[PDB]
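To find a chain, count down the sequence lines: A is the first, B the second, and so on, and within it residues start at 1. For the numbers below, each heavy atom of this structure counts, side chains included, while hydrogens, waters and symmetry mates do not.
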Amino acid sequence: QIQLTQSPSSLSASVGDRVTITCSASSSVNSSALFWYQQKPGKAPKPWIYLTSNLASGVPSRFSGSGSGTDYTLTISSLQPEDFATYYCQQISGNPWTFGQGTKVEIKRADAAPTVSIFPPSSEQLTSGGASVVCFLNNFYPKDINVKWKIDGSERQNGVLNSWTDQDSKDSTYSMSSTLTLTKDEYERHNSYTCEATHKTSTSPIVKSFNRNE
Amino acid sequence: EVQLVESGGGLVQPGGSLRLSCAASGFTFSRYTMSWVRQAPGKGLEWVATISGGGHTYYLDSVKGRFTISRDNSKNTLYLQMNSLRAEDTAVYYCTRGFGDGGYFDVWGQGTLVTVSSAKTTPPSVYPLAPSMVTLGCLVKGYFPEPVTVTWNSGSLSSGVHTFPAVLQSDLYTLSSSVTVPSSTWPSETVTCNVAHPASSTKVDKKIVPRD
């Protein structure tokens, strides 16, 4: 019943930063029994770090050393973009074995603007009686962004579903998709469809639009 | 090379039962203590059960009496039998190989998702999204449970792909995936999105054809 509490729970740091994650145990854990794992989103965890006793030259293997305590750390000497992940500590000193709650590490980055594209409903969906209008806002940073849908110029946020990707492990950007879903009947009551993206890379919103009757 | 591959996950009703298997290859399976570790959606890792190479077993308190962990050393397979499933049991279940006494998990399976829910299996409707660099889309709408798999051109199109996490609405998931290719590749050569929804055995390919 040894509980592991990680701090911080999440952090953002620039490339090159020294980063240290703490794993605090509710009671003592042996140094050779505290492990770290890294997990990329959607993937299995991988073993990452463990600690061990080492014997100097000629020392017989019946000798070992360790430490006992409640404070353990993982350190990244210079944060890189591919280090985006959630890291977990685990102790196997006590039974049951336990994990910490995880620390999500994200990278700070140069502000970048989204690549925006808009797609009308496909004929297939329309024949089925539905109309989804899709907007991709790809490869931007920071992650904070606002999308407004306009229909013949008037704001519509009724029926909008948004989804953000995890941070990219190469470029450290984020992407988002926004989908406006209407009945086919409603879709045919308006002409122009617009998604406006408001991102810190300007006060002028980025706008992609089409007209249903063109 | 060493590999763990899970199967047997999917949708199950509360109170229902499910049996996970893990197939091990690339190492002498009998030698290693093996475990299951689970991860509920959006949450952290949690140890579930362990079985020594000596057959001795250990369980998380909250699955004691509902779950049974076992192994078939002749088939190089680990098993997890799950009965009396609760909503709290919904998670990705990982098989792991242990170093030494089994606690250092040095090899992991890819994981299999177990969804405990009353909602019905529903196949996805897949819609092709046609509009230097051209961006195409696939909309995968109205399915349950997770997961679906999305690839572009059976995997050959890997770079420039964003597949967005699904959103749940009224017991139905929807996701989308974009792909960006050179404007000379499309409509020049065929681009297709491949969608698998194994829960309903759905497998469909939708070629992206330009609009009239």
Could you tell me whether the side chain of [X] and the main chain of [Y] form a donor-acceptor pair under 3.5 Å?
| X | Y | value |
| --- | --- | --- |
| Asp152(A) | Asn191(A) | yes |
| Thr165(A) | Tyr174(A) | no |
| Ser31(A) | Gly67(A) | yes |
| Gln125(A) | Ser132(A) | yes |
| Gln3(B) | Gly26(B) | no |
| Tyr72(A) | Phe35(A) | no |
| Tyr193(A) | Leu180(A) | no |
| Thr73(A) | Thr75(A) | no |

For chain A, the option from [options] that forms the most heavy-atom pairs under 4.5 Å:
| options | answer |
| --- | --- |
| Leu129(B), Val167(B), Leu45(B) | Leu45(B) |
| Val126(B), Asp61(B), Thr135(B) | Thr135(B) |
| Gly109(B), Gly102(B), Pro128(B) | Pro128(B) |

Heavy-atom proximity to chain A below 4.5 Å, by part of [X]:
| X | value |
| --- | --- |
| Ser125(B) | neither |
| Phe164(B) | both |
| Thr96(B) | neither |
| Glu46(B) | backbone |
| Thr174(B) | neither |
| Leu60(B) | neither |
| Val37(B) | side chain |

All heavy atoms of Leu4(B) vs all of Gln110(B), minimum pair found to be O-NE2, 3.2 Å
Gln1(A) CD: over 12 foreign heavy atoms closer than 6.0 Å: no
| task | Answer yes or no: are there more than 12 heavy-atom neighbours, outside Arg211(B) itself, under 6.0 Å from its atom CZ? | result | yes
Between chain B and each of [options], count heavy-atom pairs under 4.5 Å; write down the option with the most.
| options | result |
| --- | --- |
| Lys43(A), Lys46(A), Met176(A) | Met176(A) |
| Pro45(A), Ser123(A), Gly100(A), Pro120(A) | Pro45(A) |
| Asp168(A), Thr181(A), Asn139(A), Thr179(A) | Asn139(A) |
| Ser128(A), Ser163(A), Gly102(A) | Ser163(A) |

Interface moiety of [X] toward chain B, non-hydrogen atoms closer than 4.5 Å:
| X | result |
| --- | --- |
| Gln91(A) | neither |
| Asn162(A) | backbone |
| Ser177(A) | both |
| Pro41(A) | neither |
| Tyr37(A) | side chain |

Item to complete: Taking the side chain as every heavy atom from C-beta outward, state whether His190(A) and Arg212(A) have any pair of such atoms under 4.5 Å apart.
Response: no
TODO: State whether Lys40(A) and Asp166(A) are salt-bridged, where the test is any N-O pair (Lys NZ or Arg NE/NH1/NH2 against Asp/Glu carboxylate O) under 4.0 Å.
DONE: no
Notebook entry, point to check: Is there a donor-acceptor contact under 3.5 Å linking the side chains of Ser24(A) and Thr5(A)?
Noted result: no
- Query: Going by atom types only, do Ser32(A) and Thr52(A) share a side-chain donor-acceptor pair under 3.5 Å?
  - Reply: no
Under a 4.5 Å heavy-atom criterion, the part of residues 140-156 of chain B in contact with chain A comprises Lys141(B)
